[PDB]
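**Student:** Structure provided below as structure tokens; questions to follow.
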Amino acid sequence: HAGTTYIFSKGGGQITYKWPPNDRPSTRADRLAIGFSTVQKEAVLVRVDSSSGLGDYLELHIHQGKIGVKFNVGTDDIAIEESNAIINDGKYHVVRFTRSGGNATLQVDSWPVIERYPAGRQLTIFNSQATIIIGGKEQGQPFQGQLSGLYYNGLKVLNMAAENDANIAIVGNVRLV
Amino acid sequence: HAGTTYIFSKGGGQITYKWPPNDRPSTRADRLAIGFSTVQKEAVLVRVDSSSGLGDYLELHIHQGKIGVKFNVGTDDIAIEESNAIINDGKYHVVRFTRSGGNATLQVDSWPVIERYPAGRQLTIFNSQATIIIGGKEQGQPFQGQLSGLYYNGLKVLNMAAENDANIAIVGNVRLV
Amino acid sequence: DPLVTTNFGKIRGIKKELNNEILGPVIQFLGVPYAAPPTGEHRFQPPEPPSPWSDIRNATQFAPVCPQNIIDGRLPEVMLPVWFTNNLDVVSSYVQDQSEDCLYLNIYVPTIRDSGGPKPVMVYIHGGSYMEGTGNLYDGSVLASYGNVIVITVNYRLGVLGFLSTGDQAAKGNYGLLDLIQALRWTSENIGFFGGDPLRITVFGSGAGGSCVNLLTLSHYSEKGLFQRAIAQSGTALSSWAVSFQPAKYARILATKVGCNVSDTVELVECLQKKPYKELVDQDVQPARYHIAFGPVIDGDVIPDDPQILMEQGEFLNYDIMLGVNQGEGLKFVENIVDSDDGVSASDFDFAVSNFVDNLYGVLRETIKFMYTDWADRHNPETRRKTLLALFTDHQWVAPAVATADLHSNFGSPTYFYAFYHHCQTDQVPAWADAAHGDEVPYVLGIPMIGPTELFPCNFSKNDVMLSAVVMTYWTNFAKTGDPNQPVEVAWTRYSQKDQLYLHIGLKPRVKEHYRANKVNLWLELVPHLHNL
Amino acid sequence: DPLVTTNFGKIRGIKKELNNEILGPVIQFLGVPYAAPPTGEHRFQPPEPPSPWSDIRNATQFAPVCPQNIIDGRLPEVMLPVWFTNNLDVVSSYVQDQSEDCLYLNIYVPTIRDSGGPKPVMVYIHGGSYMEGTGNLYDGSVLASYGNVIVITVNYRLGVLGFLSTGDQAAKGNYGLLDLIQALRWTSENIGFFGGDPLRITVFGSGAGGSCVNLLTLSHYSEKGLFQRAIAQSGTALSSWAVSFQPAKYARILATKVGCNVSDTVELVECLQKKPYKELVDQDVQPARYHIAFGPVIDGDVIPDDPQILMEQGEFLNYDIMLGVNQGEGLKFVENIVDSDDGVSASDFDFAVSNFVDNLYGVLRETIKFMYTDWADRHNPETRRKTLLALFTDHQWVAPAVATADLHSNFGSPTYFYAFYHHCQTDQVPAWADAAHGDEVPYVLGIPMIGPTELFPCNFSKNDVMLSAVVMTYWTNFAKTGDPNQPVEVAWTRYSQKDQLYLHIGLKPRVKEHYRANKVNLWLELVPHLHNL
Ligand SMILES: *[C@@H]1O[C@H](CO)[C@@H](O[C@@H]2O[C@H](CO)[C@@H](O)[C@H](O)[C@H]2NC(C)=O)[C@H](O)[C@H]1NC(C)=O
Ligand SMILES: *[C@@H]1O[C@H](CO)[C@@H](O)[C@H](O)[C@H]1NC(C)=O
Ligand SMILES: *[C@@H]1O[C@H](CO)[C@@H](O)[C@H](O)[C@H]1NC(C)=O
Ligand SMILES: *[C@@H]1O[C@H](CO)[C@@H](O)[C@H](O)[C@H]1NC(C)=O
Ligand SMILES: *[C@@H]1O[C@H](CO)[C@@H](O)[C@H](O)[C@H]1NC(C)=O
Ligand SMILES: *[C@@H]1O[C@H](CO)[C@@H](O)[C@H](O)[C@H]1NC(C)=O
Ligand SMILES: *[C@@H]1O[C@H](CO)[C@@H](O)[C@H](O)[C@H]1NC(C)=O
Ligand SMILES: [Ca+2]
Ligand SMILES: [Ca+2]
């Protein structure tokens, strides 16, 4: 595990970063990456939401033992997933997500890079992003394991949390290591 | 000549009764009668007008030596005339007019009573009557002769004039007898 | 002892005291017959002159009222005044005594160190929807007294009995209208004997009543000199419910309901001319919403043409005219669906309009909705209600009113227009409500000066009694001279089409110009131009 | 001696004094090249980075302006600011020196015992109709000085040269837009060397300019971080003349006029790529009234889709937005037919609308006329004019403006909206006129603080200079923090769709809510619903 690591026990937990109102960013492109370790079949690791109203959202979850991502910036829901490799083997794994409007990218450990290039006409901007939620509890699929070096468009949310950031709020069965 | 008599000399004249604003009457029926004496072929004796704007009006004139009346309460101009008898013989003559909406009536001295019963649909009310003009000068057909006992819907305008009525205004070559 | 000889016989009136120490006494002559009973062969027939008596007739108590049925809520809530609806009880204890022979009128004479000479006469034409009521409700004693004028509340044939027409010759309706004229003839001839001045008769009424007032001025049957002035309060000849345009349709439906829908009119009339008066009056003929089943009808004689046309063609004599509306006339229209939080759901509003349009106009819809939404607050439910109520108020009362005032003036008639912004605050009318249909009646009758009454319960404040006096003094001055300002801080300037000055009657009377000019124009101007394509 | 090294070479700027004893001095760097000359094969081609020099480049006087022709009144009177039209003379003595190689920008740097650290940067995108102008007209020294910010007026390809498209691949237009972005790239990288802070770049403009500002925020070519704030004064991406939707039609008409309307686009482009720049710029391509012939075009890349859609889909990044309109924007629209008695004939009004409708919408006509007639004075010709002017003003400026503010906020962007009610009273603009299109420019540039100028002649009062300061302090504070209130009686509250608070900028600044809420709704709400059947 790379640097700051957080442990999610039974009963789940949730680290939430709430962007200060006049600072909820919009983005055409997105760089999301995190290193985990878990023995679950289903669970949501990270989820970014656009202030209530606007629909847009980004989700990093594990469906049937395979890490994947689902998001929506305005058209339909676009998903991309590493269905070959398996990652719920309790061992260390790192996933990297990339978005450029609708077109997206995913990559686990060292497996080949996956590319999703959505259908017809696609929308581009992830409007007014207001919260990053780690723990996938609120979405009803608690996570149990360890997360490290979480990087989202420049934010190393996990350190921020560790360094008691005025905006990060930890609640639940989460512990620092 | 019956009672109050007025003499119109050359240069014509004009006795005008101006109803006080908030008293300009409207009528469905009309009784107009006057006694004259003249040797003219053309001339207008009496004329009642509805305050500027509303069109309605009533006119008693002598066309080609025969006394007649033309009025309009809203539809077309309706006229009725005693074309048989002649009256511009310098002698005394009395004419009586009657209106009931469009339907009207005329009668000279003792000749049979004439009845005009206008065409299609007819309007009925002579709205806001504002001035009675005797002398037929303003209408461009000065009268020269003598007029007596002028009766219009109850108003004996000629006496009123004689008794210096606050509303009657005499101007021109008119003289009392 | 109060006695007076008339051209039909002598009559005795009972004297009365008033609940105030400033108001003199009054001699009431209740139950005076002004025409021959409209019975048997006389039903559905122009009223006849009354038959004379030799002795002395006891005229000391209300004579029976005309055939009606108000109890079982079949009455058009919106059309009737609020005080009438919010108190059907007390009202019933008035029209409980019925009779087909009801053509009678009440005379209220004042008794004197102020004015010498004949006193003016104010004839109040009561009215609800043409189906019920009685001038017996309106007690004009405080008015009669406080103003020094004689007041006459009249009774006339209502419902089927008064306005049923067959569309043809069988029955030409307008019977109740002729009844009202017969009352005026009687008045013009005998009111002299009571100290009245037949040269200063002012007929006034509220709602359905003021509609009669207006229709009366449009009928040739009101000849020059009959009456000289008119006051039409919250009511016109131009409203959707002032005239019945399908007199036959509803006549036959009444026929069918009592077994009479024969193919021939004349037989149908005779058929009905038999049925017990109470059998006809208890049926249930329903008219399209915002319209009347039975009432005045364009017969070609009494009512020569469509009121709206006659008005534009100046087909009326000249009278001194005074008319106006109240701020929230159409209370009942919205009071229907105002949730517990005093609001109106945008879906109920969107609905109310779409519906209102369907009935009054069978696209304008979207235009109306726009015009009646305060966009600087497009979400406040309390506001959403105020405007929804204005919609009805403007269309059913304000627009027709202004329409009338504009023409009556453009044709010589001296006109005065007023807007009433003040009501009595009780617990029967919501707090957020304003002057509703008829809230002016108790101030015009001087009720405040005699404290709450069984009819008008409200606990009148010192202002109410004060404002009551301000109003009465206008009404009477008007009846006296044809100017609300003569003889007895604000001069009620005259209404002209060019400036449309109206007196904003409230706690702060003051003359304003162009009442609700905007909406008034939407309705008399834009809406037509559109429904014109 | 003022020297500064850049990533392309060193340059010398000339220092200057200001006509006021409170305003410090300023170092002007006029003529700086921010891109490769758009010449020969580079014409109708995305701008290229500029080529470096070793020595020291003399940047002491305006470089040539881009190819244009304003003299012979072919300029759309209504679109251009008043000060620009009511003074074509002085204006001409600016754009008199032309050249196809015109891609240059001017930098105004202030000189210091108040603030330490990098200074904010305000880039002013000038604009008329896309056919003429030059940031050389706007001298931002008083602004730069009085605010303690660096100001950059930019020059970009105009007319045919800048926006000609063939509809297909031959020429994808939007060249002038790309020029503007190239200027921003140059700025974001080198403004640091002048003491500027590339993390606080605010691009602002008036009219056609503010349209660019807005279009710039809609193009993906403006990547995150380039610039942080935007001020769109009297201008949007939503106006009828902000974009050209028939780029081909007018391209071929330009081709035909210089002998080139070949059937193949690529040949047609090459054909024009030859003609003397002055031959193309002197033609006469006429666009439908209230529309543009040459200008930004929906190319699918730079301008991805229709501005109006992008706006509704939130297809823009988040910036600090400030925008607004002036009271009587469309002065020129009516000034055209205002008789000697300062009025408007009802027939000229009835006409102006019917005409306005024919051009913008090819029944609503009757609805517009209604909505724009003060019925409480339906005959006053002076009023008839005020409203006729509001018609244009509301539709062409106010409505689109609010439209933008509503969406920019609903999507996270901190927005501030303003209404400008104050102009300089001269003899060139009628007395009955109000803040016309562009009357805010001289107050945003602090002209009043340096007394009348050849460009802005008006004899500024003490109020004008005072209000000029009030305005500048907002604009700069905004550029400084993204809040017109920080850091330097009225707090310019934020604009949100739910309350729409705007600052009524005049002699009595004060926050009001829902600017012209009514008409604004007629245009963004009702008119559409109707043209929707
Ligand atoms: C003139 O008097 C009146 C108008 O004031 C006319 O009224 C009715 O008109 C119809 C249509 O021609 C006649 O059939 C009726 O007999 C008339 N009845 C009334 C109410 O008078 C009348 O027709 C005219 N004179 C007549 C009866 O010949
Ligand atoms: C009604 O007439 C009778 C006739 O006997 C008379 O005695 C009486 O006084 C009159 N009214 C009443 C009940 O006082
Ligand atoms: C009443 O009778 C007439 C003639 O017989 C008929 O036309 C009419 O429809 C009947 N009314 C209804 C519909 O019950
Ligand atoms: C006074 O008015 C209120 C109604 O709001 C109520 O108390 C009653 O009707 C009146 N009289 C009293 C004080 O009981
Ligand atoms: C321009 O550069 C030249 C270099 O030859 C220098 O002498 C001059 O002072 C500079 N400025 C000007 C144009 O005066
Ligand atoms: C340009 O050439 C095309 C090719 O035929 C022609 O259709 C078009 O009308 C021409 N442009 C005009 C309108 O002059
Ligand atoms: C001041 O402005 C006015 C024109 O609006 C005029 O007096 C003159 O042009 C200017 N200067 C003076 C006082 O001459
Ligand atoms: Ca009078
Ligand atoms: Ca007439």
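Labels used: A, B, ... for chains in the order of the structure tokens, numbers from 1 for residues in each chain, and numbers from 1 for ligands as shown.
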Just the residues within 6 Å of residue C:232, please, counting only C-alpha atoms, with nothing from its chain fewer than 3 positions along; format it as a ChimeraX atom specification.
**Tutor:** /C:204-205,210,235,323
**Student:** Let me have all residues with an atom within 7 Å of ligand 1, counting only C-alpha atoms and all ligand atoms, laid out as an NGL selection string.
**Tutor:** :B and (100-103 or 117)
**Student:** What are the DSSP strand (DSSP E) residues of stretch 307-510 of chain D, as JSON, numbers by chain?
**Tutor:** {"D": [320, 321, 322, 323, 324, 325, 326, 415, 416, 417, 418, 419, 420, 501, 502, 503, 504, 505, 510]}
**Student:** Those residues with C-alpha atoms, as a PDB file, in the first residue's frame please?
**Tutor:**
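Listing of out-v6.pdb after writing:
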ATOM      1  CA  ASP D 320     -16.778  33.512 -11.990  1.00  0.00           C
ATOM      2  CA  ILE D 321     -19.365  35.246 -14.162  1.00  0.00           C
ATOM      3  CA  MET D 322     -20.488  38.846 -14.180  1.00  0.00           C
ATOM      4  CA  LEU D 323     -22.817  40.180 -16.858  1.00  0.00           C
ATOM      5  CA  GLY D 324     -25.511  42.755 -17.436  1.00  0.00           C
ATOM      6  CA  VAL D 325     -27.379  45.177 -19.670  1.00  0.00           C
ATOM      7  CA  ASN D 326     -28.062  48.912 -19.914  1.00  0.00           C
ATOM      8  CA  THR D 415     -22.770  34.807 -11.010  1.00  0.00           C
ATOM      9  CA  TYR D 416     -23.382  38.552 -10.550  1.00  0.00           C
ATOM     10  CA  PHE D 417     -25.859  40.462 -12.721  1.00  0.00           C
ATOM     11  CA  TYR D 418     -26.168  44.222 -13.199  1.00  0.00           C
ATOM     12  CA  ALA D 419     -28.416  46.772 -14.850  1.00  0.00           C
ATOM     13  CA  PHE D 420     -26.849  50.040 -15.956  1.00  0.00           C
ATOM     14  CA  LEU D 501     -30.720  39.699  -7.468  1.00  0.00           C
ATOM     15  CA  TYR D 502     -29.068  42.316  -9.652  1.00  0.00           C
ATOM     16  CA  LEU D 503     -27.215  45.532  -8.841  1.00  0.00           C
ATOM     17  CA  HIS D 504     -29.030  48.553 -10.224  1.00  0.00           C
ATOM     18  CA  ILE D 505     -25.940  50.535 -11.160  1.00  0.00           C
ATOM     19  CA  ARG D 510     -28.957  49.361  -4.913  1.00  0.00           C
TER      20      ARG D 510
END
**Student:** Would you write out, as a Markdown table, a table of all residues in chain D that have an atom no more than 8 Å from an atom of ligand 6, listing for each the closest atom pair and the distance in Å to one decimal, considering only C-alpha atoms and all ligand atoms and ordering rows by chain and rising residue number?
**Tutor:**
| residue | atom | partner | partner_atom_place_in_ligand_line | distance |
| --- | --- | --- | --- | --- |
| D:249 | CA | ligand 6 | 13 (C) | 7.4 |
| D:252 | CA | ligand 6 | 11 (N) | 5.6 |
| D:253 | CA | ligand 6 | 14 (O) | 5.8 |
| D:256 | CA | ligand 6 | 14 (O) | 5.9 |
| D:261 | CA | ligand 6 | 1 (C) | 4.8 |
| D:262 | CA | ligand 6 | 2 (O) | 6.0 |
| D:263 | CA | ligand 6 | 4 (C) | 5.0 |
**Student:** Residues within 7 Å of ligand 4 (only C-alpha atoms and all ligand atoms), as a PyMOL selection string?
**Tutor:** chain C and resi 426-427+457-459
**Student:** What would the file look like if the residues just selected were written as a PDB file, in the first residue's frame with N, CA and C atoms?
**Tutor:**
ATOM      1  N   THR C 426     -64.889  39.188   9.627  1.00  0.00           N
ATOM      2  CA  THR C 426     -65.552  38.238  10.515  1.00  0.00           C
ATOM      3  C   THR C 426     -64.733  36.955  10.488  1.00  0.00           C
ATOM      4  N   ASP C 427     -65.313  35.877  10.999  1.00  0.00           N
ATOM      5  CA  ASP C 427     -64.635  34.585  11.024  1.00  0.00           C
ATOM      6  C   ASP C 427     -65.175  33.664   9.924  1.00  0.00           C
ATOM      7  N   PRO C 457     -74.079  39.765  10.813  1.00  0.00           N
ATOM      8  CA  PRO C 457     -73.479  39.501  12.125  1.00  0.00           C
ATOM      9  C   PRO C 457     -72.200  40.243  12.493  1.00  0.00           C
ATOM     10  N   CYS C 458     -71.291  40.394  11.540  1.00  0.00           N
ATOM     11  CA  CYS C 458     -70.012  41.063  11.771  1.00  0.00           C
ATOM     12  C   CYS C 458     -70.005  42.138  12.868  1.00  0.00           C
ATOM     13  N   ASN C 459     -68.952  42.165  13.679  1.00  0.00           N
ATOM     14  CA  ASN C 459     -68.826  43.123  14.783  1.00  0.00           C
ATOM     15  C   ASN C 459     -68.181  44.410  14.319  1.00  0.00           C
TER      16      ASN C 459
END
**Student:** Enumerate, as a ChimeraX atom specification, the complete set of residues in stretch 184-335 of chain D that a backbone-based DSSP assignment places in helix (DSSP H, G or I).
**Tutor:** /D:184-194,208-216,247-257,265-272,277-280,307-312,331-335
**Student:** For residue A:134, find every residue with an atom within 12 Å (counting only C-alpha atoms), except residues of its own chain fewer than 6 positions away, and show them as a PyMOL selection string.
**Tutor:** chain A and resi 6-8+12-18+34+36+43-49+58-61+141-148+150-152+157-158+161+168-172+174
**Student:** Which residue out of C:260, C:35, C:88, C:125 has the minimum interatomic distance to ligand 3 when only C-alpha atoms and all ligand atoms are used?
**Tutor:**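 So, comparing all the options, the nearest one is C:260.
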**Student:** Would you mind listing what lies within 10 Å of residue D:289 as a PyMOL selection string, with only C-alpha atoms counted and same-chain residues fewer than 5 positions away left out?
**Tutor:** chain D and resi 76+240-241+356+358-360
**Student:** For the selection you just gave me, I'd like the residues written to a file as a short mmCIF file (atom, residue, chain, number, x, y, z; two decimals), in the first residue's frame, keeping N, CA and C atoms.
**Tutor:**
data_model
loop_
_atom_site.label_atom_id
_atom_site.label_comp_id
_atom_site.auth_asym_id
_atom_site.auth_seq_id
_atom_site.Cartn_x
_atom_site.Cartn_y
_atom_site.Cartn_z
N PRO D 76 -23.96 48.24 -39.39
CA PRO D 76 -25.25 48.06 -38.72
C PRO D 76 -25.45 48.97 -37.50
N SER D 240 -29.35 37.05 -31.59
CA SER D 240 -29.57 36.69 -32.99
C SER D 240 -28.37 36.98 -33.87
N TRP D 241 -27.57 37.96 -33.47
CA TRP D 241 -26.41 38.35 -34.25
C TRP D 241 -25.07 37.90 -33.66
N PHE D 356 -40.34 43.86 -37.11
CA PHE D 356 -39.46 43.17 -36.17
C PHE D 356 -39.83 41.70 -36.12
N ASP D 358 -41.41 39.94 -38.55
CA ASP D 358 -41.09 39.31 -39.84
C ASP D 358 -39.65 38.82 -39.92
N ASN D 359 -38.73 39.61 -39.36
CA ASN D 359 -37.30 39.28 -39.38
C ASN D 359 -36.85 38.28 -38.33
N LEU D 360 -37.40 38.37 -37.12
CA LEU D 360 -36.98 37.45 -36.06
C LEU D 360 -37.81 36.18 -36.00
#
**Student:** Could you list, with a cut-off of 10 Å and counting only C-alpha atoms, the residues of chain B near chain C, each shown with its nearest atom pair and the distance in Å rounded to one decimal, rows sorted by chain and ascending number, as JSON lines?
**Tutor:**
{"residue": "B:21", "atom": "CA", "partner": "C:412", "partner_atom": "CA", "distance": 8.3}
{"residue": "B:22", "atom": "CA", "partner": "C:414", "partner_atom": "CA", "distance": 6.3}
{"residue": "B:23", "atom": "CA", "partner": "C:318", "partner_atom": "CA", "distance": 8.6}
{"residue": "B:24", "atom": "CA", "partner": "C:412", "partner_atom": "CA", "distance": 7.1}
{"residue": "B:25", "atom": "CA", "partner": "C:318", "partner_atom": "CA", "distance": 6.1}
{"residue": "B:26", "atom": "CA", "partner": "C:317", "partner_atom": "CA", "distance": 5.1}
{"residue": "B:27", "atom": "CA", "partner": "C:317", "partner_atom": "CA", "distance": 6.3}
{"residue": "B:28", "atom": "CA", "partner": "C:317", "partner_atom": "CA", "distance": 7.8}
{"residue": "B:29", "atom": "CA", "partner": "C:224", "partner_atom": "CA", "distance": 9.0}
{"residue": "B:50", "atom": "CA", "partner": "C:412", "partner_atom": "CA", "distance": 9.2}
{"residue": "B:51", "atom": "CA", "partner": "C:412", "partner_atom": "CA", "distance": 8.1}
{"residue": "B:53", "atom": "CA", "partner": "C:410", "partner_atom": "CA", "distance": 8.9}
{"residue": "B:54", "atom": "CA", "partner": "C:411", "partner_atom": "CA", "distance": 7.3}
{"residue": "B:73", "atom": "CA", "partner": "C:315", "partner_atom": "CA", "distance": 9.7}
{"residue": "B:74", "atom": "CA", "partner": "C:313", "partner_atom": "CA", "distance": 7.7}
{"residue": "B:75", "atom": "CA", "partner": "C:313", "partner_atom": "CA", "distance": 9.8}
{"residue": "B:123", "atom": "CA", "partner": "C:315", "partner_atom": "CA", "distance": 7.4}
{"residue": "B:124", "atom": "CA", "partner": "C:315", "partner_atom": "CA", "distance": 6.6}
{"residue": "B:125", "atom": "CA", "partner": "C:315", "partner_atom": "CA", "distance": 5.7}
{"residue": "B:126", "atom": "CA", "partner": "C:317", "partner_atom": "CA", "distance": 8.5}
{"residue": "B:127", "atom": "CA", "partner": "C:411", "partner_atom": "CA", "distance": 6.5}
{"residue": "B:128", "atom": "CA", "partner": "C:412", "partner_atom": "CA", "distance": 5.1}
{"residue": "B:129", "atom": "CA", "partner": "C:412", "partner_atom": "CA", "distance": 8.7}
{"residue": "B:130", "atom": "CA", "partner": "C:412", "partner_atom": "CA", "distance": 9.5}
**Student:** Kindly save the residues from that selection, with C-alpha atoms included, as a compact mmCIF listing (two decimals), in the first residue's frame.
**Tutor:**
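The resulting file, again.txt, is reproduced below:
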# COMPACT_ATOMS: atom_id res chain seq x y z
CA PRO B 21 -73.51 69.97 -20.21
CA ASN B 22 -74.95 67.55 -17.67
CA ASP B 23 -78.38 68.06 -19.20
CA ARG B 24 -78.04 67.27 -22.87
CA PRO B 25 -81.03 64.93 -23.25
CA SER B 26 -81.39 61.78 -25.31
CA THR B 27 -84.75 60.88 -26.83
CA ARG B 28 -86.50 58.02 -28.60
CA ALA B 29 -89.37 60.27 -29.65
CA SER B 50 -75.74 66.13 -30.60
CA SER B 51 -72.59 67.27 -28.82
CA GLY B 53 -68.67 63.41 -31.84
CA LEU B 54 -72.01 61.62 -31.76
CA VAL B 73 -80.20 59.00 -35.04
CA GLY B 74 -77.62 56.43 -35.99
CA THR B 75 -78.50 54.55 -39.17
CA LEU B 123 -81.58 52.95 -34.67
CA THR B 124 -83.65 54.78 -32.11
CA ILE B 125 -81.95 57.30 -29.87
CA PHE B 126 -80.97 60.92 -30.51
CA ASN B 127 -78.01 60.96 -28.14
CA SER B 128 -76.76 63.87 -26.05
CA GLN B 129 -78.56 66.73 -27.77
CA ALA B 130 -76.46 69.85 -27.19
**Student:** Which chain C residues are at most 7 Å from chain D (counting only C-alpha atoms), as a PyMOL selection string?
**Tutor:** chain C and resi 370+375-376+514+517-518+526
**Student:** For the selection just defined, write its residues with N, CA, C and O atoms to a file, as a short mmCIF file (atom, residue, chain, number, x, y, z; two decimals), in the first residue's frame.
**Tutor:**
data_model
loop_
_atom_site.label_atom_id
_atom_site.label_comp_id
_atom_site.auth_asym_id
_atom_site.auth_seq_id
_atom_site.Cartn_x
_atom_site.Cartn_y
_atom_site.Cartn_z
N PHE C 370 -50.12 33.39 -18.59
CA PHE C 370 -48.98 34.29 -18.54
C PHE C 370 -49.41 35.58 -17.84
O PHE C 370 -48.83 35.97 -16.83
N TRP C 375 -44.41 36.93 -12.20
CA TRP C 375 -43.11 36.31 -12.45
C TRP C 375 -41.99 36.71 -11.50
O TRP C 375 -40.96 36.02 -11.39
N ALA C 376 -42.18 37.83 -10.83
CA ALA C 376 -41.22 38.30 -9.86
C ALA C 376 -41.47 37.54 -8.55
O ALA C 376 -41.08 37.99 -7.47
N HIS C 514 -57.66 55.05 -14.31
CA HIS C 514 -57.54 53.77 -15.01
C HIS C 514 -57.48 52.55 -14.12
O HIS C 514 -56.43 51.91 -14.02
N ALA C 517 -56.24 49.06 -15.40
CA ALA C 517 -56.10 49.31 -16.83
C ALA C 517 -55.53 48.16 -17.65
O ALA C 517 -55.99 47.88 -18.76
N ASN C 518 -54.53 47.48 -17.11
CA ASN C 518 -53.89 46.41 -17.83
C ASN C 518 -54.77 45.23 -18.18
O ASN C 518 -54.98 44.93 -19.35
N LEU C 526 -57.25 42.58 -26.13
CA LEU C 526 -56.46 41.48 -26.68
C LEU C 526 -57.23 40.17 -26.89
O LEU C 526 -57.29 39.66 -28.00
#
**Student:** Step by step, measure atom-to-atom distances between ligand 7 and each residue using only C-alpha atoms and all ligand atoms, keep those at most 12 Å, then write them as a list in words.
**Tutor:**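 So, counting only C-alpha atoms and all ligand atoms, the residues near ligand 7 are residues 424, 425, 426, 427, 428, 429, 430, 431, 451, 452, 453, 454, 456, 457, 458, 459, 460 and 461 of chain D.
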**Student:** Residues within 9 Å of ligand 5, counting only C-alpha atoms and all ligand atoms: report them as a PDB file with N, CA, C and O atoms, in the first residue's frame.
**Tutor:**
ATOM      1  N   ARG D  12      10.623  46.544 -25.147  1.00  0.00           N
ATOM      2  CA  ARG D  12      10.620  47.814 -24.429  1.00  0.00           C
ATOM      3  C   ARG D  12       9.281  48.521 -24.534  1.00  0.00           C
ATOM      4  O   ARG D  12       8.754  48.728 -25.628  1.00  0.00           O
ATOM      5  N   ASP D  55      17.392  40.307 -30.205  1.00  0.00           N
ATOM      6  CA  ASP D  55      17.545  41.680 -29.729  1.00  0.00           C
ATOM      7  C   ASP D  55      16.454  42.130 -28.755  1.00  0.00           C
ATOM      8  O   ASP D  55      15.951  41.346 -27.948  1.00  0.00           O
ATOM      9  N   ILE D  56      16.120  43.416 -28.835  1.00  0.00           N
ATOM     10  CA  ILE D  56      15.078  44.027 -28.017  1.00  0.00           C
ATOM     11  C   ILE D  56      14.083  44.648 -28.991  1.00  0.00           C
ATOM     12  O   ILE D  56      14.447  45.497 -29.803  1.00  0.00           O
ATOM     13  N   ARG D  57      12.830  44.213 -28.912  1.00  0.00           N
ATOM     14  CA  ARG D  57      11.794  44.704 -29.810  1.00  0.00           C
ATOM     15  C   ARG D  57      11.108  45.968 -29.303  1.00  0.00           C
ATOM     16  O   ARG D  57      10.623  46.005 -28.171  1.00  0.00           O
ATOM     17  N   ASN D  58      11.064  46.999 -30.145  1.00  0.00           N
ATOM     18  CA  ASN D  58      10.413  48.251 -29.769  1.00  0.00           C
ATOM     19  C   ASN D  58       8.896  48.052 -29.760  1.00  0.00           C
ATOM     20  O   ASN D  58       8.270  47.940 -30.814  1.00  0.00           O
ATOM     21  N   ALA D  59       8.313  47.989 -28.569  1.00  0.00           N
ATOM     22  CA  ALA D  59       6.870  47.832 -28.426  1.00  0.00           C
ATOM     23  C   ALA D  59       6.385  49.139 -27.815  1.00  0.00           C
ATOM     24  O   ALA D  59       6.007  49.183 -26.645  1.00  0.00           O
ATOM     25  N   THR D  60       6.395  50.202 -28.616  1.00  0.00           N
ATOM     26  CA  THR D  60       6.005  51.521 -28.132  1.00  0.00           C
ATOM     27  C   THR D  60       4.885  52.248 -28.868  1.00  0.00           C
ATOM     28  O   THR D  60       4.618  53.416 -28.589  1.00  0.00           O
TER      29      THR D  60
END
**Student:** Skip residue C:293 itself and residues of its chain fewer than 4 positions away, then list as a list in words all residues within 7 Å of it, counting only C-alpha atoms.
**Tutor:**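 In the requested format, the answer is residues 244, 250, 285, 286 and 287 of chain C.
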**Student:** Please identify all polymer residues within 8 Å of residue D:138, counting only C-alpha atoms, omitting same-chain residues fewer than 5 positions from it, and present them as a PyMOL selection string.
**Tutor:** chain D and resi 126+153+445
**Student:** Would you work out the distance separating atom CA of residue D:257 from atom CA of residue D:276, expressed in Å to one decimal?
**Tutor:**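 So the two atoms, atom CA of residue D:257 and atom CA of residue D:276, lie 13.6 Å apart.
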